[PDB]
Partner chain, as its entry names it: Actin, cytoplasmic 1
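Next comes just one chain, in C-alpha coordinates: the form solved without its partner chain.
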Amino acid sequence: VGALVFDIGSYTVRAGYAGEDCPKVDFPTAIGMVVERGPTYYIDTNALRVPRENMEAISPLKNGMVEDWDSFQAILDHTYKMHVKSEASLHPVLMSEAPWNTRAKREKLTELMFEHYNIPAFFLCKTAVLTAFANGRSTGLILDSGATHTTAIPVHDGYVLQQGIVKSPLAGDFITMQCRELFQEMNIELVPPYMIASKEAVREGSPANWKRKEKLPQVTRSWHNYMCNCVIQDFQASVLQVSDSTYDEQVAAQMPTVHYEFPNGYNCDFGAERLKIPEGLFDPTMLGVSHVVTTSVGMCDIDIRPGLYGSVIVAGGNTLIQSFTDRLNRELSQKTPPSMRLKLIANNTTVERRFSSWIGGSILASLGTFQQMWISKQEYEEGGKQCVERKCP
(Lines give C-alpha, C1' and ligand atoms only; values in the text may rest on other atoms or scores of the structure.)
Protein backbone atom coordinates (compact mmCIF):
# COMPACT_ATOMS: atom_id res chain seq x y z
CA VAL A 1 0.00 0.00 0.00
CA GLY A 2 3.03 2.22 0.48
CA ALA A 3 4.74 4.15 -2.27
CA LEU A 4 7.75 2.91 -4.23
CA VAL A 5 10.87 5.08 -4.33
CA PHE A 6 12.74 4.41 -7.59
CA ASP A 7 16.13 6.12 -7.91
CA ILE A 8 17.50 5.36 -11.37
CA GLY A 9 21.14 5.94 -10.55
CA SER A 10 23.77 6.73 -13.15
CA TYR A 11 25.27 3.24 -12.90
CA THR A 12 23.29 1.53 -10.12
CA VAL A 13 19.50 1.54 -9.81
CA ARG A 14 18.11 1.93 -6.28
CA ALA A 15 14.55 0.96 -5.38
CA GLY A 16 12.45 0.22 -2.33
CA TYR A 17 9.35 1.11 -0.39
CA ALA A 18 8.43 4.57 0.84
CA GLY A 19 9.02 4.08 4.56
CA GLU A 20 12.15 1.94 4.35
CA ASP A 21 15.34 3.59 5.60
CA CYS A 22 17.42 2.12 2.75
CA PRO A 23 16.78 0.69 -0.74
CA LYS A 24 16.21 -3.05 -0.38
CA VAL A 25 16.53 -3.25 -4.20
CA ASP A 26 19.83 -2.41 -5.89
CA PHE A 27 21.42 -3.76 -9.06
CA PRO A 28 23.74 -2.34 -11.73
CA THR A 29 21.85 -0.38 -14.36
CA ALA A 30 23.80 -2.07 -17.16
CA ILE A 31 21.87 -4.72 -19.09
CA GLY A 32 22.53 -7.09 -21.97
CA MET A 33 20.77 -7.59 -25.29
CA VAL A 34 21.05 -9.55 -28.51
CA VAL A 35 18.80 -9.54 -31.58
CA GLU A 36 17.54 -12.30 -33.85
CA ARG A 37 19.91 -13.08 -36.72
CA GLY A 38 15.48 -11.97 -29.35
CA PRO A 39 15.58 -8.42 -27.95
CA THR A 40 14.73 -9.76 -24.48
CA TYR A 41 17.17 -8.17 -22.04
CA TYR A 42 19.19 -9.56 -19.14
CA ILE A 43 19.04 -7.58 -15.90
CA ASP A 44 20.46 -7.77 -12.37
CA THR A 45 24.04 -8.72 -11.49
CA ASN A 46 23.46 -12.47 -11.45
CA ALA A 47 22.09 -12.66 -14.99
CA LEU A 48 24.86 -10.47 -16.41
CA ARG A 49 27.40 -12.70 -14.65
CA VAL A 50 26.74 -15.49 -17.17
CA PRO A 51 28.90 -14.88 -20.27
CA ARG A 52 27.08 -15.12 -23.59
CA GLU A 53 27.88 -14.69 -27.27
CA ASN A 54 26.93 -11.32 -28.79
CA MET A 55 25.64 -10.14 -25.39
CA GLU A 56 26.30 -6.42 -24.96
CA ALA A 57 26.42 -4.15 -21.89
CA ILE A 58 23.81 -1.49 -22.64
CA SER A 59 23.44 1.43 -20.23
CA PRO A 60 20.20 3.45 -20.66
CA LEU A 61 21.69 6.51 -18.91
CA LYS A 62 24.42 7.58 -21.33
CA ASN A 63 23.65 11.30 -20.92
CA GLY A 64 22.46 11.10 -17.27
CA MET A 65 18.80 11.31 -18.47
CA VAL A 66 17.07 8.18 -19.98
CA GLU A 67 18.47 7.64 -23.53
CA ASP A 68 17.21 4.12 -24.32
CA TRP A 69 13.49 4.03 -23.55
CA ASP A 70 13.02 0.34 -24.36
CA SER A 71 15.96 -0.55 -22.10
CA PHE A 72 14.63 1.71 -19.34
CA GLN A 73 11.24 0.00 -19.58
CA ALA A 74 12.92 -3.41 -19.54
CA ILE A 75 14.72 -2.59 -16.30
CA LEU A 76 11.55 -1.08 -14.83
CA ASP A 77 9.55 -4.06 -16.08
CA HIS A 78 12.07 -6.42 -14.48
CA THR A 79 12.42 -4.56 -11.19
CA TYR A 80 8.67 -4.19 -10.66
CA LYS A 81 7.83 -7.83 -11.25
CA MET A 82 10.91 -9.69 -9.95
CA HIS A 83 13.08 -7.71 -7.54
CA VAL A 84 10.30 -5.74 -5.82
CA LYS A 85 7.62 -8.07 -7.18
CA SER A 86 4.20 -6.41 -6.97
CA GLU A 87 1.41 -5.29 -9.29
CA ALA A 88 2.03 -1.86 -10.79
CA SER A 89 -1.66 -0.90 -10.73
CA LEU A 90 -1.83 -0.71 -6.93
CA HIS A 91 1.37 1.04 -5.83
CA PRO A 92 2.04 4.79 -6.12
CA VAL A 93 5.50 5.65 -7.39
CA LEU A 94 8.21 8.26 -6.89
CA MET A 95 10.78 8.75 -9.66
CA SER A 96 14.06 10.62 -9.17
CA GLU A 97 15.01 12.50 -12.34
CA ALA A 98 18.36 14.12 -13.01
CA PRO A 99 18.59 17.83 -12.13
CA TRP A 100 18.83 18.93 -15.78
CA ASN A 101 16.35 16.46 -17.26
CA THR A 102 14.93 17.47 -20.62
CA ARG A 103 11.22 18.29 -20.51
CA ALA A 104 10.38 15.87 -23.32
CA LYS A 105 12.15 13.13 -21.38
CA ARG A 106 9.98 13.86 -18.34
CA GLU A 107 6.83 13.76 -20.46
CA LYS A 108 7.81 10.48 -22.10
CA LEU A 109 8.74 8.98 -18.72
CA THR A 110 5.37 9.97 -17.27
CA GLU A 111 3.53 8.59 -20.29
CA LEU A 112 5.37 5.27 -20.02
CA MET A 113 4.99 5.02 -16.24
CA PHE A 114 1.26 5.73 -16.38
CA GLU A 115 0.07 3.99 -19.56
CA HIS A 116 2.36 0.98 -19.72
CA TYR A 117 2.35 0.27 -15.98
CA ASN A 118 -1.02 1.85 -15.10
CA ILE A 119 0.22 3.10 -11.72
CA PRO A 120 -2.43 5.08 -9.79
CA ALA A 121 -0.25 7.98 -8.60
CA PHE A 122 3.08 9.43 -9.60
CA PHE A 123 5.64 12.07 -8.65
CA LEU A 124 8.87 13.18 -10.33
CA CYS A 125 11.61 14.88 -8.30
CA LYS A 126 15.18 15.98 -8.95
CA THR A 127 17.96 13.93 -7.39
CA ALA A 128 19.64 17.03 -5.97
CA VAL A 129 16.43 18.09 -4.21
CA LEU A 130 16.05 14.57 -2.82
CA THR A 131 19.63 14.68 -1.53
CA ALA A 132 18.97 18.00 0.19
CA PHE A 133 15.81 16.60 1.79
CA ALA A 134 17.63 13.44 2.86
CA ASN A 135 20.35 15.45 4.58
CA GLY A 136 17.63 17.49 6.29
CA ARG A 137 17.76 20.81 4.46
CA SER A 138 15.88 22.90 1.93
CA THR A 139 18.76 25.19 0.88
CA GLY A 140 22.27 24.10 0.01
CA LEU A 141 24.67 22.97 -2.69
CA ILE A 142 24.55 19.30 -3.68
CA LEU A 143 27.72 17.93 -5.28
CA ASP A 144 26.74 14.73 -7.10
CA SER A 145 29.54 12.46 -8.34
CA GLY A 146 28.15 9.34 -9.97
CA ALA A 147 29.14 7.74 -13.28
CA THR A 148 29.93 9.82 -16.36
CA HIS A 149 28.30 12.92 -14.84
CA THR A 150 29.47 14.95 -11.83
CA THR A 151 27.40 18.06 -11.16
CA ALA A 152 27.11 20.77 -8.50
CA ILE A 153 23.42 21.62 -8.07
CA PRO A 154 22.50 24.63 -5.90
CA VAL A 155 19.02 24.45 -4.39
CA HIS A 156 17.10 27.37 -2.87
CA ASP A 157 14.00 26.49 -0.84
CA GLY A 158 13.92 23.01 -2.32
CA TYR A 159 14.05 24.39 -5.88
CA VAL A 160 17.04 23.55 -8.06
CA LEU A 161 18.53 26.76 -9.48
CA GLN A 162 19.22 25.70 -13.06
CA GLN A 163 21.19 28.94 -13.38
CA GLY A 164 23.93 27.62 -11.10
CA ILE A 165 24.22 24.01 -12.30
CA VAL A 166 27.69 23.12 -13.59
CA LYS A 167 28.01 19.74 -15.30
CA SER A 168 31.46 18.12 -15.10
CA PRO A 169 32.21 14.79 -16.84
CA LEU A 170 35.07 13.96 -14.43
CA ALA A 171 32.79 11.45 -12.73
CA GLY A 172 33.51 7.99 -11.31
CA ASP A 173 33.95 6.51 -14.78
CA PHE A 174 36.88 8.83 -15.51
CA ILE A 175 38.65 7.86 -12.29
CA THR A 176 38.20 4.16 -13.00
CA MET A 177 39.46 4.65 -16.55
CA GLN A 178 42.54 6.39 -15.15
CA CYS A 179 42.97 3.35 -12.91
CA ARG A 180 43.15 1.19 -16.04
CA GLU A 181 45.81 3.52 -17.53
CA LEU A 182 47.98 3.71 -14.34
CA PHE A 183 48.36 -0.15 -14.36
CA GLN A 184 49.35 0.12 -18.05
CA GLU A 185 52.15 1.84 -16.05
CA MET A 186 52.35 -1.25 -13.77
CA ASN A 187 52.13 -3.42 -16.92
CA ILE A 188 49.44 -5.71 -15.45
CA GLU A 189 46.94 -7.26 -17.84
CA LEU A 190 43.35 -6.57 -16.78
CA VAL A 191 41.71 -10.01 -16.56
CA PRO A 192 38.22 -10.38 -15.04
CA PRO A 193 37.19 -13.06 -12.51
CA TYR A 194 34.65 -14.60 -14.90
CA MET A 195 37.66 -15.86 -16.87
CA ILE A 196 39.79 -16.64 -13.79
CA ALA A 197 39.12 -19.66 -11.57
CA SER A 198 42.48 -20.36 -9.94
CA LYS A 199 44.54 -18.96 -7.06
CA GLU A 200 48.01 -19.53 -5.66
CA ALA A 201 50.54 -17.81 -3.42
CA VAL A 202 51.85 -15.80 -6.36
CA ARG A 203 54.87 -13.70 -5.46
CA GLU A 204 54.79 -9.92 -5.20
CA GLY A 205 55.76 -8.26 -8.46
CA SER A 206 55.35 -11.58 -10.27
CA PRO A 207 52.81 -12.70 -12.90
CA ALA A 208 50.28 -15.04 -11.33
CA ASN A 209 49.55 -18.70 -12.09
CA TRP A 210 46.08 -17.92 -13.39
CA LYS A 211 44.13 -20.41 -15.51
CA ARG A 212 41.13 -19.63 -17.69
CA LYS A 213 37.66 -21.13 -17.87
CA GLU A 214 38.26 -22.69 -21.27
CA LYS A 215 34.76 -23.65 -22.45
CA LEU A 216 33.16 -20.21 -22.11
CA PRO A 217 32.04 -18.66 -25.42
CA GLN A 218 33.69 -15.71 -27.10
CA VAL A 219 32.60 -12.60 -25.20
CA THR A 220 31.63 -9.25 -26.67
CA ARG A 221 34.03 -6.35 -26.29
CA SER A 222 31.30 -4.41 -24.49
CA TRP A 223 30.74 -6.93 -21.70
CA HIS A 224 34.46 -7.67 -21.30
CA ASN A 225 35.02 -3.93 -20.87
CA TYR A 226 32.07 -3.92 -18.43
CA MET A 227 33.67 -6.84 -16.46
CA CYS A 228 37.07 -5.05 -16.37
CA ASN A 229 35.37 -1.87 -15.16
CA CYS A 230 33.73 -3.80 -12.32
CA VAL A 231 37.10 -5.24 -11.33
CA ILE A 232 38.77 -1.84 -11.29
CA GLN A 233 35.81 -0.26 -9.48
CA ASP A 234 35.95 -2.85 -6.71
CA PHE A 235 39.67 -2.12 -6.59
CA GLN A 236 38.99 1.61 -6.92
CA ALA A 237 36.74 1.96 -3.87
CA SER A 238 38.99 0.02 -1.49
CA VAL A 239 42.37 1.43 -2.60
CA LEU A 240 42.04 5.04 -3.75
CA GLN A 241 42.55 7.98 -1.40
CA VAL A 242 42.49 11.77 -1.71
CA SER A 243 45.56 13.56 -0.39
CA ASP A 244 45.01 16.18 2.30
CA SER A 245 47.24 18.51 0.28
CA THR A 246 48.06 18.42 -3.42
CA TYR A 247 50.46 15.55 -3.98
CA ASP A 248 54.06 16.77 -3.95
CA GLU A 249 56.19 13.61 -3.66
CA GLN A 250 55.72 12.92 0.04
CA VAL A 251 58.42 11.40 2.38
CA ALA A 252 59.21 8.20 0.36
CA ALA A 253 56.00 8.85 -1.66
CA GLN A 254 53.04 7.94 0.64
CA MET A 255 54.61 5.60 3.31
CA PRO A 256 53.34 1.93 3.53
CA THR A 257 50.09 1.22 1.69
CA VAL A 258 47.40 -1.40 1.08
CA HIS A 259 48.43 -4.86 -0.14
CA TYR A 260 45.21 -5.40 -2.09
CA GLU A 261 45.27 -8.76 -3.87
CA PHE A 262 43.74 -8.68 -7.34
CA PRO A 263 41.45 -11.51 -8.50
CA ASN A 264 44.63 -13.16 -9.80
CA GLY A 265 46.05 -13.01 -6.26
CA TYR A 266 49.21 -11.19 -7.26
CA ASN A 267 49.54 -7.48 -6.52
CA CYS A 268 52.04 -4.87 -5.38
CA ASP A 269 51.14 -2.59 -2.48
CA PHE A 270 50.02 0.48 -4.41
CA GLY A 271 52.23 3.49 -3.83
CA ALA A 272 51.64 7.08 -4.91
CA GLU A 273 49.34 5.88 -7.69
CA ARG A 274 46.38 5.51 -5.32
CA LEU A 275 46.80 9.22 -4.48
CA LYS A 276 47.47 10.45 -8.02
CA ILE A 277 44.39 8.77 -9.50
CA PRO A 278 41.71 10.56 -7.41
CA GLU A 279 43.32 13.92 -8.21
CA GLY A 280 42.04 13.53 -11.78
CA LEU A 281 39.08 15.61 -10.59
CA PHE A 282 41.36 18.07 -8.76
CA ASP A 283 44.21 18.61 -11.29
CA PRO A 284 42.64 17.97 -14.72
CA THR A 285 41.24 22.29 -19.82
CA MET A 286 38.40 21.17 -17.55
CA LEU A 287 37.18 22.46 -14.19
CA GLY A 288 38.11 20.89 -10.88
CA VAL A 289 35.58 19.98 -8.22
CA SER A 290 36.33 23.09 -6.17
CA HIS A 291 36.32 25.11 -9.39
CA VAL A 292 32.91 23.63 -10.21
CA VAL A 293 31.54 24.53 -6.78
CA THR A 294 32.88 28.09 -6.78
CA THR A 295 31.63 28.71 -10.32
CA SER A 296 28.21 27.35 -9.35
CA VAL A 297 27.88 29.43 -6.17
CA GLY A 298 29.39 32.48 -7.86
CA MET A 299 26.77 32.05 -10.59
CA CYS A 300 23.70 32.54 -8.38
CA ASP A 301 22.45 35.58 -6.50
CA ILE A 302 24.70 37.04 -3.81
CA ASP A 303 21.95 36.94 -1.18
CA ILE A 304 21.67 33.14 -1.23
CA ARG A 305 25.42 32.49 -1.57
CA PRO A 306 25.92 32.50 2.23
CA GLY A 307 23.20 29.85 2.39
CA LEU A 308 25.06 27.70 -0.12
CA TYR A 309 28.52 28.54 1.29
CA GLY A 310 28.02 26.62 4.51
CA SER A 311 25.37 24.10 3.43
CA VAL A 312 27.40 22.30 0.77
CA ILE A 313 26.13 18.71 0.66
CA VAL A 314 28.25 15.95 -0.89
CA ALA A 315 26.48 12.83 -2.12
CA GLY A 316 27.63 10.51 -4.89
CA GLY A 317 28.99 7.03 -5.46
CA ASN A 318 32.30 8.55 -6.54
CA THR A 319 32.49 10.74 -3.43
CA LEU A 320 33.00 7.71 -1.18
CA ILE A 321 36.79 8.01 -1.20
CA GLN A 322 38.95 8.34 1.89
CA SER A 323 39.62 11.96 2.91
CA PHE A 324 37.80 13.21 -0.20
CA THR A 325 35.58 15.49 1.87
CA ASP A 326 38.67 16.65 3.76
CA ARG A 327 40.50 17.78 0.63
CA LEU A 328 37.31 19.37 -0.69
CA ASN A 329 36.88 21.28 2.57
CA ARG A 330 40.46 22.55 2.41
CA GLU A 331 40.20 23.53 -1.26
CA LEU A 332 36.91 25.37 -0.84
CA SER A 333 38.11 27.08 2.34
CA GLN A 334 41.11 28.43 0.44
CA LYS A 335 39.03 29.81 -2.43
CA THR A 336 36.03 31.04 -0.43
CA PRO A 337 36.23 34.62 0.89
CA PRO A 338 37.51 34.23 4.47
CA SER A 339 34.56 36.29 5.72
CA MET A 340 32.23 33.45 4.65
CA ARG A 341 31.97 30.38 6.89
CA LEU A 342 32.06 27.25 4.76
CA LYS A 343 30.82 23.94 6.12
CA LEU A 344 30.45 20.40 4.81
CA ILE A 345 27.79 18.19 6.36
CA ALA A 346 29.25 14.94 7.73
CA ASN A 347 27.32 12.27 5.81
CA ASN A 348 30.27 10.15 4.67
CA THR A 349 29.03 6.59 5.24
CA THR A 350 28.14 4.50 2.21
CA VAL A 351 24.41 4.49 2.95
CA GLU A 352 24.16 8.27 3.39
CA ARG A 353 26.32 9.01 0.34
CA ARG A 354 25.34 6.52 -2.36
CA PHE A 355 21.64 6.14 -1.49
CA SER A 356 21.20 9.79 -0.45
CA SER A 357 18.70 10.49 -3.22
CA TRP A 358 16.80 7.31 -2.36
CA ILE A 359 16.78 8.23 1.33
CA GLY A 360 15.31 11.60 0.41
CA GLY A 361 12.70 9.93 -1.76
CA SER A 362 11.80 7.70 1.18
CA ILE A 363 11.41 10.77 3.41
CA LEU A 364 9.24 12.52 0.82
CA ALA A 365 7.26 9.40 -0.06
CA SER A 366 6.32 8.90 3.60
CA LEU A 367 4.79 12.33 4.27
CA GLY A 368 1.03 12.42 4.66
CA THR A 369 0.79 15.34 2.25
CA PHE A 370 2.35 13.22 -0.51
CA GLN A 371 -1.21 12.24 -1.46
CA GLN A 372 -2.11 15.76 -2.60
CA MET A 373 1.15 16.72 -4.33
CA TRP A 374 1.50 13.66 -6.58
CA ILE A 375 -0.16 13.18 -9.99
CA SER A 376 -3.48 11.37 -9.76
CA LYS A 377 -4.52 8.93 -12.46
CA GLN A 378 -7.64 11.05 -13.02
CA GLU A 379 -5.43 14.08 -13.63
CA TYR A 380 -3.64 12.03 -16.28
CA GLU A 381 -7.03 11.21 -17.82
CA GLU A 382 -8.44 14.68 -18.51
CA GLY A 383 -5.09 16.45 -18.16
CA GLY A 384 -2.56 15.11 -20.63
CA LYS A 385 0.94 13.97 -19.71
CA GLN A 386 1.71 17.71 -19.65
CA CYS A 387 0.56 17.76 -16.02
CA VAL A 388 4.00 16.42 -15.07
CA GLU A 389 5.41 19.89 -15.77
CA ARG A 390 3.11 21.85 -13.44
CA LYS A 391 2.65 19.25 -10.71
CA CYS A 392 6.41 18.64 -10.33
CA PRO A 393 8.80 21.61 -9.99
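So that the term is clear: the rigid core is the largest set of C-alpha atoms that superpose within 1.5 Å between two forms. Numbering follows the first chain given and starts at 1.
There is also a form solved in complex with its partner chain; it is not shown, and the following applies to it.
Remark: residue 269 does not count among the residues lining its partner chain in the deposited bound form, judged by a heavy atom distance of 4.5 Å or less. Using a 4.5 angstroms limit between non-hydrogen atoms, residue 283 is distant from its partner chain in the deposited bound form. With a 4.5 Å cutoff on heavy atoms, residue 85 counts as touching its partner chain in the deposited bound form.
Contact check for residue 26: a non-hydrogen atom falls within 4.5 Å of its partner chain in the deposited bound form. Note on contacts: among 199, 224, 105, 180, the single residue with a heavy atom within 4.5 Å of its partner chain in the deposited bound form is 199. A heavy atom within 4.5 Å of its partner chain in the deposited bound form is found for exactly one of 77, 234, 111, 279: 234.
Contacts between stretch 337 to 360 and its partner chain, counted in the deposited bound form as any heavy atom lying within 4.5 Å, involve 350, 351, 355, listed in sequence order.
Of the candidates 250, 245, 89, 163, the Cα that moves 2 angstroms or more after core superposition between the shown form and the other one belongs to 250 alone. In summary, the C-alpha positions of residue 252 and residue 329 converge in the deposited bound form, ending up at least 3 angstroms nearer each other than in this conformation. In the deposited bound form, the CA atoms of residue 252 and residue 324 come closer by at least 3 angstroms compared with the shown structure.
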